[PDB]
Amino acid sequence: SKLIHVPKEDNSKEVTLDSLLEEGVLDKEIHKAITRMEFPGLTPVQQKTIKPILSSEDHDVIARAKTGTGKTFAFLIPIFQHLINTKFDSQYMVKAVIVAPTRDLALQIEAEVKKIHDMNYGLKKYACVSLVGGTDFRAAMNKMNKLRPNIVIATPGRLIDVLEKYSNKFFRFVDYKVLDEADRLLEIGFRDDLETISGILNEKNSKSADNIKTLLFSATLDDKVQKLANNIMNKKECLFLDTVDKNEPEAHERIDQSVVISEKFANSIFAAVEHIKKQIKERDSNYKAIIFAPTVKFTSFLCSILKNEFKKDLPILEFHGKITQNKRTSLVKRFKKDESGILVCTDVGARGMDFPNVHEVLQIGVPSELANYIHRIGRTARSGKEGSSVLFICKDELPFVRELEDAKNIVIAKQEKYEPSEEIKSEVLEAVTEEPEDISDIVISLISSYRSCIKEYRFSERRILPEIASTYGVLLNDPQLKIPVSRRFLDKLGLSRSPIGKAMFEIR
């Protein structure tokens, strides 16, 4: 199917809620709901996508727009309009299915739908139910039955579960499917699930196998995504609506980016602690930040350090995939409203999450995929606000920074070195209450994580892996110490006859 580009245009006639009302694109009832939110105007991606999504043409839509610029309402608005346009047809049936890569993002999109309901009660007849893992399955189905929603928001795993059992009852009249964070949902480990989802919806559809229109949204998207989505795009033509120049970097230009380079991976912990201390002092504790880490075990370790240093000054919140889902949801709600605090998380929080007035995004080590650099920093400087980001890495991670330049055109102007004083090392280390076995587990999680991105970030294995491993000795304040391990363990890893392996581990 042919791709039709509509590139970023410089002198374009401004589209408004009023102009779309006058033109008959938007009904009064949705116009009213969005007007009462009192936004200055529609964001560029909203201006670009609303009419073409609702167009009577037989096309799919791909939309790219920078982090924090209103992609959610860019699809919710025309979805509501479609529901209004077809209000007498299949009114108890799901007409729009929106898929997201994390449960908390699916739940956020649902909350955005509820904000539309709150601004115009006449829209509550277009009901919405979220289908996400870690929630009571029966309770969500009671809700599907009671509310008979026209909009479903879901994560892939739970959506497949529901579809295998109830696709005939609720899903035979779907007209739109939305992949939010589309590039992520078409990576390995989501792509097959999206194909399963798309195949069921298409098979069960009462009109035809190609009825459903597909909408892809992300801040990080190109032509190569259309190829990946080939098996889920039904239509003969695909509009690529772009609000970013072809060569322009995808990172939001308002973010003040920097990188802090240490000699050792572990030193990035000390750099971050000293940075946060300074910010809490200089801002008089008026500090809201997000700090990203590579693994769940390390995230949790970092939280302990930051509670010991900073719990007297600011709340410290722990956010990753092993936090129970009830607590994930309650901490998201709190961090959205709070003026200050530090959210310490994995890439569970890299994409989509909208926490207002975050001042800074910090990163210890590299993200789980190159694109997530852009999404991580995009947690700040949202909806016209300012923001900064700091990447804390060691020397042996520098090829990541070069890869950002070569692959994504991101050049970080502010780069500086860091060397920890002996006093910061003593201060941080003394409060560490973890047993050596716990420290081994933590460092081992980092080894596995870094191993998996050696190729994509162009790391030198013989340097990055011994440096990560040496974190164990640093944290135990004895840099001669290697990680005690068994032969069978080393065999499983693949480093049993390697000098790299001998530099990292002691067969004990």
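For the two forms, the rigid core is made up of the largest set of C-alpha atoms that agree within 1.5 Å on superposition. Start at 1 and count along the sequence shown; that's the residue number.
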Higher-deviation stretch (C-alpha RMS, rigid core fit) in 8 other deposited structures of this protein, choosing from 20 to 28 and 492 to 500: 492 to 500
Residue range whose averaged C-alpha B-factor is higher in the record, 400 to 408 or 303 to 311: 400 to 408
Residue range whose averaged C-alpha B-factor is higher in the record, 346 to 354 or 263 to 271: 263 to 271
Selection by C-alpha B-factor (highest) of 195, 435, 164, 175: 435
Out of 330, 415, 372, 150, highest CA B-factor residue: 415
Within-chain third of residue 155 by Cα B-factor, per the entry: lowest
Residue 249 - which third its CA temperature factor falls in, relative to the rest of the chain: highest
CA B-factor placement of residue 471, once the chain's modelled residues are sorted into thirds: middle
Within-chain third of residue 320 by Cα B-factor, per the entry: lowest
Within-chain third of residue 211 by Cα B-factor, per the entry: middle
